[PDB]
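Peer 1: Chains as they are written, first to last, in PDB author numbering: chain A, 611 to 708; chain B, 709 to 1147; chain C, 856 to 952; chain D, 709 to 806; chain E, 1002 to 1050.
All residues carry an ideal CB built from backbone N, CA and C; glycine is no exception.
This structure is in structure tokens; I'll ask about it shortly.
See below:
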């Protein structure tokens, strides 16, 4: 994680300026996207939110396995890898008040 | 010896307490601060060694404890609670302090007024104008102010999360009362929550209902007074503003100290190298590095004192939240002046705010009291409440409010004789059994 | 060398006045003045409520009221002995100074 | 399982607790302490600059907080109360401490 | 350096004094003004005043 900086000045000659509003970011889904707090390499953003594992900042936490405290089987050599996500603020609940 | 004062009316006063929780997270790098891309200066600086490594460790520990303090103060319940879509509380209106669903940002009205009460600028368009600053609007982000690598690490917890925690706690208090803090949340009407709280302070809940609606108004008006407290007093947020000002002054002073000569020929390493030869300039460079290291050590020590102050404030804030907000505290003057009824938390930039709703007598009247009553040789002591007299008749009223009632054997028991008590008086006690035997 | 000692904002007379006022309120107004407007009440009736606070029925108080007063009075005398038999009571202030 | 202890008599013990509130308010001036009416020493000392200004600010803050602590400890009631001219308390005698 | 050391010691003493004064004020609010149910906070034994 390059902190409080933008991964733009780093040497890159493989891409040509295409006149893009945001750092030529054309993704089909939740693929790695630049963050204002810092530039992270090695994790993919996920829309879903879970309990914080490794706090970083601005509510962004990183976790290795793509699940939280599973009583069952852990991670494997499969496509699952490190992810960075907005920690789930508590647990949603509803109270029947009258 | 024979005069007592009994309250005949009560008022619901509300106060505010601002408690710092955290502060700006700072970090200083030895290399850039002391040496500007010069190999010789770096080589000389590495001689000291572990000083910079321990200063960085101390700063990291300060940041970790500052984050933990905020987590403890706010993140206390794993379950997030929300208010019902229909706002019915028997007369109470928390919409002023509750988040506004219409506004895209879930910020309470109180926070909006706190932000507005500071001197802002009209030259342009007010789109965002400060998302983290402690109630001001300034120029460009830390990168603008970072000309020596004085990086400011963003806080782990965002203001939106703090506001969500405060809203959840407030909703639990309104709906679940204090049950959620002691275990699983238990829904209960708000009008029935104040009934138990009055009994907690020795006031029978019977008054509440008789003035329930009125009490609600007394509560509502109190909220309005809070707004006046902002107009008539700008020192409510004095603690947070003073802390921010002190931190900014310390950072600025540390920045200007870079230009201090410390008895050298010049305050710039490049000028010294250009005008003066390296080998003889070694002494001047060493002296400058020593001075900068001493200044950094002094700044770090001051930061340690500030961190100790902030943690001490945050521990008290968390204790109050656990006691004042989640439950009911019997400690006097701990949850605000007067008998404690409840407390509402509110987010604040690098701090927290507590609004203490309390019970305070309003009108008091004098009465003639006696230690006890002994009619037929057997004394009669009050189980609850103190005897009062208007000059002709003797009545029994509850401890913290005027509510005279006919004296009966149900509310008193027999202990001792007439002689044993000192100052005792004689009176007749209504016996429910006697009229029944007449028929 | 100019080691000026700034005088304290609060004078000992003011501290003594505050202590006397608080003590008088406690004797006369009990704990009511700290929670709002002062409410006069006989001292003998103040201990009655305090005993009930600790789970002791006030009935005992009256039966031994005078005696209790003596037990209180004698205690004050013991304080004087604490000064003669122990000079470390003010250890904190002396050590700080 | 069938034995209990019940008090048959009570005593009124009194203890004392001494708590520091404040201390002596001190102040040190850089000029006189370091330099005795010498221009060169003062000129050299002014090179450091903000050190003396921040030390004085810290001392002033210490004094302010020490005064505030005393104010909070003692100045808690705006209304000053006084004992009645007749000392009748049902047997208690506070004249020793009053 | 000596002045800085003295000022640091003064800061520690001030922190000690404020910590003592906060406890004293809490006791005054609880022990003196009201009745405290906390054990061994307002002296050994059940607190009366």
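(1) Compute the Euclidean distance between the alpha carbons of residue 1085 of chain B and residue 1126 of chain B, then round it to the nearest angstrom.
(2) Sorry if obvious, but does the Cβ on residue 1124 of chain B come closer than 6 Å to a heavy atom of the ligand FAD?
(3) For residue 800 of chain D, tell me which candidate among C:893, C:901, C:944, C:907 has the shortest Cα-Cα distance.
(4) Can a CB atom of chain C be found closer than 7 Å to the CB of residue 1111 of chain B?
(5) What's the C-alpha gap between residue 1013 of chain B and residue 1012 of chain E?
(6) Check for me: the alpha helix (DSSP H) holding residue 658 of chain A runs from which residue to which?
(7) Return no unless some Cβ of chain D is closer than 7 Å to the Cβ of residue 927 of chain C.
(8) Can you tell me where the alpha helix (DSSP H) holding residue 1054 of chain B begins and where it ends?
(9) Run through DSSP, which three-state label would residue 801 of chain B get?
(10) Check each candidate in B:1049, B:1001, B:923 and name the one with the smallest Cα separation from residue 763 of chain B.
(11) List the residues of chain C whose Cβ lies closer than 8 Å to the Cβ of residue 770 of chain D, in chain order.
(12) Does the distance from the CB of residue 1143 of chain B to the CB of residue 1120 of chain B come in under 7 Å?
(13) Please return the same chain residues whose Cβ sits closer than 8 Å to the Cβ of residue 717 of chain B, not counting the five positions on each side in sequence.
(14) What residue range is occupied by the uninterrupted beta strand (DSSP E) comprising residue 1066 of chain B?
(15) Helix or strand or just coil, what does DSSP make of residue 1003 of chain E?
(16) Let me confirm a value: residue 1109 of chain B is counted as buried when at least 16 other C-beta atoms fall within 10 Å, else exposed. Which label applies?
(17) Check the Cβ-Cβ distances between residue 793 of chain D and every residue of chain C, and say whether any is below 7 Å.
(18) Against chain C, with Cβ distances strictly below 7 Å, would residue 1078 of chain B count as a contact?
(19) For residue 828 of chain B, does the count of other Cβ atoms within 10 angstroms reach 16, so buried, or fall short, so exposed?
(20) Looking only at its chain, what residues have a beta carbon closer than 6 Å to the beta carbon of residue 663 of chain A, apart from the 5 residues adjacent to it on each side?
(21) Closest to residue 747 of chain B by C-alpha separation, out of B:1055, B:726, B:990, would be which residue?
(22) Residues of the region 950-971 of chain B with a CB closer than 7 Å to any CB of chain D: list them in chain order, please.
(23) Exposed or buried, residue 777 of chain D, counting other C-beta atoms within 10 Å across all chains shown (16 or more means buried)?
(24) Ignoring anything shorter than 4 residues or poking outside the region 872-924 of chain C, list the alpha helix (DSSP H) runs there in chain order.
(25) When you compare only the Cα positions, how much space is there between residue 736 of chain D and residue 843 of chain B?
(26) Between which two residues does the beta strand (DSSP E) holding residue 671 of chain A run?
(27) Tell me, please, whether the CB atom of residue 889 of chain C is closer than 7 Å to any CB atom in chain E?
(28) Would you say residue 757 of chain D reaches chain B, if we count a Cβ-Cβ gap shorter than 7 Å as a contact?
(29) To the nearest angstrom, report how far apart residue 726 of chain D and residue 678 of chain A are at their CA atoms.
(30) Hey, does residue 715 of chain D have any beta-carbon neighbour from chain C nearer than 7 Å?
(31) For the region 616-644 of chain A, which residues have a CB atom closer than 7 Å to at least one CB atom of chain B, in sequence order?
(32) Just the C-alpha distance for residue 758 of chain D and residue 1005 of chain B, rounded to the nearest angstrom, thanks.
(33) For a minimum of 4 consecutive residues, which ranges assigned as the alpha helix (DSSP H) are wholly contained in the region 721-750 of chain B?
(34) Mind pulling the chain E residues with CB within less than 9 Å of residue 902 of chain C?
(35) Look at residue 878 of chain B and residue 1052 of chain B and say whether their C-beta atoms are less than 7 Å apart.
(36) Excluding the five sequence neighbours on either side, which residues of its own chain have a C-beta within less than 7 Å of the C-beta of residue 924 of chain C, listed in chain order?
Peer 2: Quick answer:
(1) Along the second chain, read from residue 1 onward, the residue named residue 1085 of chain B stands at position 377. Along the second chain, read from residue 1 onward, the residue named residue 1126 of chain B stands at position 418. So the two alpha carbons sit approximately 5 Å from each other.
(2) As presented, the structure is devoid of all ligands, the ligand FAD included, so that no description of it is given.
(3) Along the fourth chain, read from residue 1 onward, the residue named residue 800 of chain D stands at position 92. Closest option to residue 800 of chain D, Cα to Cα, is C:901.
(4) Counting from one through the second chain, the residue named residue 1111 of chain B turns up at place 403. Answer no: the Cβ-Cβ gap between residue 1111 of chain B and chain C never drops below 7 Å.
(5) Here the question's residue 1013 of chain B lines up with position 305 in the second chain. Here the question's residue 1012 of chain E lines up with position 11 in the fifth chain. Cα-Cα distance, rounded: 8 Å.
(6) Here residue 658 of chain A corresponds to residue number 48 of the first chain, with the count starting at 1. Boundaries cannot be given for residue 658 of chain A, as no alpha helix (DSSP H) includes it and DSSP labels it neither H nor E.
(7) Locating residue 927 of chain C in the third chain gives position 72, counting from the first residue. Yes - at least one Cβ of chain D is within 7 Å of the one on residue 927 of chain C.
(8) Looking up residue 1054 of chain B in the second chain gives position 346. Careful: residue 1054 of chain B lies outside any alpha helix (DSSP H), inside the beta strand (DSSP E) at 1047-1056.
(9) The residue given as residue 801 of chain B occupies position 93 in the second chain. Residue 801 of chain B falls in the coil class under three-state DSSP.
(10) Here residue 763 of chain B refers to the residue found at position 55 when the second chain is read from its first residue. Taking the Cα of residue 763 of chain B as reference, the smallest distance to any Cα among B:1049, B:1001, B:923 is reached at B:1001.
(11) Within the fourth chain, residue 770 of chain D is the residue found at index 62, counting from 1. Within 8 Å Cβ-Cβ: nothing; residue 770 of chain D doesn't reach chain C, min ~11 Å.
(12) Working through the second chain from its first residue, we reach residue 1143 of chain B at position 435. Working through the second chain from its first residue, we reach residue 1120 of chain B at position 412. No; because the gap between Cβ atoms is not below 7 Å, this pair is not in contact.
(13) Counting from one through the second chain, the residue named residue 717 of chain B turns up at place 9. For residue 717 of chain B, where only same-chain residues beyond five positions count, the Cβ hits under 8 Å are 1069, 1070, 1071.
(14) Residue numbering aside, residue 1066 of chain B sits at position 358 when the second chain is read from its first letter. Judged by DSSP secondary structure, residue 1066 of chain B falls within the beta strand (DSSP E) whose first and last residues are 1059-1075.
(15) For the purposes of this step, residue 1003 of chain E is taken as the residue at position 2 of the fifth chain. It is helical.
(16) Within the second chain, residue 1109 of chain B is the residue found at index 401, counting from 1. Counting Cβ neighbours within 10 Å, residue 1109 of chain B comes out buried, since at least 16 surround it.
(17) The sequence position of residue 793 of chain D within the fourth chain is 85, counting from 1. No, no contact with chain C.
(18) On the second chain, position 370 is the one that residue 1078 of chain B refers to. So no, residue 1078 of chain B is outside the interface.
(19) By one-based count along the second chain, residue 828 of chain B stands at place 120. By the Cβ-count criterion, residue 828 of chain B is exposed, with fewer than 16 other Cβ atoms from all chains shown falling within 10 Å of its own Cβ.
(20) Mapped onto the first chain, residue 663 of chain A falls at position 53. Cβ within range, chain order: 671, 673.
(21) Locating residue 747 of chain B in the second chain gives position 39, where the first residue counts as 1. The shortest Cα separation from residue 747 of chain B among B:1055, B:726, B:990 belongs to B:990.
(22) 961, 964, 965, 968, 969, 970, 971
(23) Within the fourth chain, residue 777 of chain D is the residue found at index 69, counting from 1. By the 10 Å Cβ count, residue 777 of chain D comes out buried.
(24) 898-908
(25) Within the fourth chain, residue 736 of chain D is the residue found at index 28, counting from 1. Within the second chain, residue 843 of chain B is the residue found at index 135, counting from 1. C-alpha separation (whole angstroms): 36 Å.
(26) Within the first chain, residue 671 of chain A is the residue found at index 61, counting from 1. Where residue 671 of chain A is concerned, the enclosing beta strand (DSSP E) stretches over 670-673.
(27) Taking the first residue of the third chain as 1, we reach residue 889 of chain C at position 34. Closer than 7 Å to some Cβ of chain E, the Cβ of residue 889 of chain C qualifies, so yes.
(28) Counting from 1 along the fourth chain, the entry for residue 757 of chain D is found at position 49. Yes, contact with chain B.
(29) Along the fourth chain, one-based indexing puts residue 726 of chain D at 18. Along the first chain, one-based indexing puts residue 678 of chain A at 68. Cα to Cα, the separation comes out at about 53 Å.
(30) As a first step, residue 715 of chain D is located in the fourth chain; it is residue number 7 there, counting from the start. Cβ-Cβ to chain C under 7 Å: no for residue 715 of chain D.
(31) none
(32) Within the fourth chain, residue 758 of chain D is the residue found at index 50, counting from 1. Within the second chain, residue 1005 of chain B is the residue found at index 297, counting from 1. Rounded to the nearest angstrom, the two C-alpha atoms are 15 Å apart.
(33) Qualifying alpha helix (DSSP H) stretches, in chain order: 738-742.
(34) Along the third chain, read from residue 1 onward, the residue named residue 902 of chain C stands at position 47. Neighbours of residue 902 of chain C on chain E, chain order: 1049, 1050.
(35) In the second chain, counting from the first residue as 1, residue 878 of chain B sits at position 170. In the second chain, counting from the first residue as 1, residue 1052 of chain B sits at position 344. Against a cut-off of 7 Å, the Cβ pair of residue 1052 of chain B and residue 878 of chain B comes out as a contact.
(36) Here residue 924 of chain C is taken as the residue at index 69 of the third chain, counted from 1. Nothing meets the Cβ criterion.
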